[PDB]
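The structure tokens that follow cover one protein chain in two forms, given apart as structure 1 and structure 2.
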Structure 1
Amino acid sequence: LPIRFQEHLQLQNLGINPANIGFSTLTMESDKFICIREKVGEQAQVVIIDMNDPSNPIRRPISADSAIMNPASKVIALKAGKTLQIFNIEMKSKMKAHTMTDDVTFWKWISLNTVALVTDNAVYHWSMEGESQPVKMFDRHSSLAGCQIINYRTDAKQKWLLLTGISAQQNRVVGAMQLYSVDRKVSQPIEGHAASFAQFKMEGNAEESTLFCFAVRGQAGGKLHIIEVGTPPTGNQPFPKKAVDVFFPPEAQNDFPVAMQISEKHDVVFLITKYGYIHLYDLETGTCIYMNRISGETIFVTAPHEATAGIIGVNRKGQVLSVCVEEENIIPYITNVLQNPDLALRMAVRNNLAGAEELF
């Protein structure tokens, strides 16, 4: 295989109720922690799974509608409607608090020091630095009105902001995205399911390009877009925009993309679909490297898998699974299975791997 697949944990083995293994109650903001909200009566608890020590979870009583651990530190952000609080778990201490004017419908850590807040009407960034309070970044576009918000993310420089929501229409799930430029102060609505930014240095360019990659299924097929956002740096060639098909077999009529992470090390896009297919795409050309069903159950939450520059996720059955490029196998797979020596050589030179030299 060009990928290594690893089951890390079955959350049901830790006595986690499978009813709470879903998007609204389980979060994984980084590969370091999983938080699960469980409620039986009016007695809500949070289960905090240290992924370096999974047999010893912390169970604490809560009254929060949502719990997201900081990506880098055992610092938990808890909310109840408009009330936001941040606790250092090891110091058992409230470190920050803020009340919003509007209900926060979705929130996510976008860095080790900043939480993104989404209301019905606006997106804010809340820095953990000193007396910093939430700063409004943009107004929500009317095209996302009535969506369930499922993701918010940014480019490395926080100059390009992307809000993603979904709704049911005609028994299919339609994705609505809002791309916002900080510098231009302009939004663009996009029909999109899953997306990520990436930094990519093109051959001969002195500077990295900032790429926007999004995958969508429309009424008549799937598409993946890789687009340079913003003006290319002085002296940089522009990234030629890529647009490629996203294959769904005839049997997967209700399938659509639900997760994307991009390998900074390998310049590959990981795309996961609702029915549990993984797709690998080359970031440079958009070429589909690999497709396979890795899960019978929806992988509903993902994060970068830091140690392997891969993707780690949780499915609705409680399987914690990871996919990365298998560095020993990827070049031979592209050569021998895809019959694409061009892609093999290009990817081998990018990551200094062996076996891309055409032997005759």
Structure 2
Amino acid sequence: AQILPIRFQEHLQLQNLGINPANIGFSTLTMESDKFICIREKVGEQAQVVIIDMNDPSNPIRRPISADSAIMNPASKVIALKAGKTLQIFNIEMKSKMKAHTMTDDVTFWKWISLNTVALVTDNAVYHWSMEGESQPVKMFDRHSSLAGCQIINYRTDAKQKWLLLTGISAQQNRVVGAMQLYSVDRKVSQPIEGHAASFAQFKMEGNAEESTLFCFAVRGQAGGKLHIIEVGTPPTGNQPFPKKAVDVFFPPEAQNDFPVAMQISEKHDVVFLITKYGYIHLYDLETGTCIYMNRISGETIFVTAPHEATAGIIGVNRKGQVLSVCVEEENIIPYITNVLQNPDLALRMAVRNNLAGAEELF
């Protein structure tokens, strides 16, 4: 068989839209959802910000805007801008300031965690800040000492905002070591975890009426590459617990310095997408951890990812400016699982879930 369980797509080449490759990187380019990319560029002496609307990519909007960091809202024409310790949320459509706040501590990382809330990470704490109303940032938890001095690379929550996860990395010798802090809002407890990339997911087990809240993380530490899928906290009333899964994360012999950097989980397909530093993608079944597919999909590091809503896939930007995505190929995944993976248990479970499109309708 020459069929794949995935479809790879190239959506854009940012260098073809007038972006300097020097600005295609984590400190200057943000992609908080699949709807926009925002780039900060200094051209001559002038600070400029560029917004690429992914529905209208050939018409980037570029303006002289001074900001140390810029993150578009996941859905609205709303942008958060930082300069020093002062933060602003700005309504672009209405050319009007929504909210502003001056922090005491420097915000070293920030990210939209929902359609209306931005998370703020300082050296010692994490806050949530609504874009609505008058409310100021609210401290969610204090940072755990295991993340001290890390470079923060991600912050994310489960859908219900009851489980909060901060992820950093640090250099030790010639290694890149991942440190995570998982915080339970209900329990007011943190747990340190050695991890490089992670995501949450909602999964409805066979036999259960209510979805389980799953936490998936991957790491490459002293025991090698490992992926874990675990239910966090107490199951919903009436549910059976999700049995913890643990599987190997493979790296080939020529990739001893590769490690996980990003994860997204398909809401529709119950598949984990894992991206590595060297530009590999792995697919894993969320229920079992079974590895479905691995391949190198990018010749450059992919430094930012988001869910790709249209395909329930993953979209990312690599360092040369290729905007790429991977999703399940809904017609070919079960054939691939049947004849290449030769995993009929998975083939059957996937068909029973019945979340793969088949046979086009008339409207």
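Only the largest set of C-alpha atoms that superpose within 1.5 Å between the two forms is called the rigid core. Only residues modelled in both forms are compared. Numbering for residues begins at 1 and runs along the sequence of structure 1.
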task: Tell me, with the core superposed, which single residue in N17, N340, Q10, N351 has its C-alpha moved by at least 2 Å between structures 1 and 2.
output: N351
- prompt: Superposing on the rigid core, is the CA of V40 displaced by 2 Å or more between structures 1 and 2?
  reply: yes
task: Quote the shift of the Cα of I227 between structures 1 and 2 to one decimal place in Å, the two forms being superposed on the rigid core.
output: 0.4
- request: Could the core-superposed CA displacement of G81 between structures 1 and 2 be given in angstrom, to one decimal?
  value: 2.4
task: Give the consecutive runs of 3+ residues, present in both forms, in which every C-alpha shifts by 2 Å or more between structures 1 and 2 after rigid core superposition.
output: 40 to 42, 351 to 360
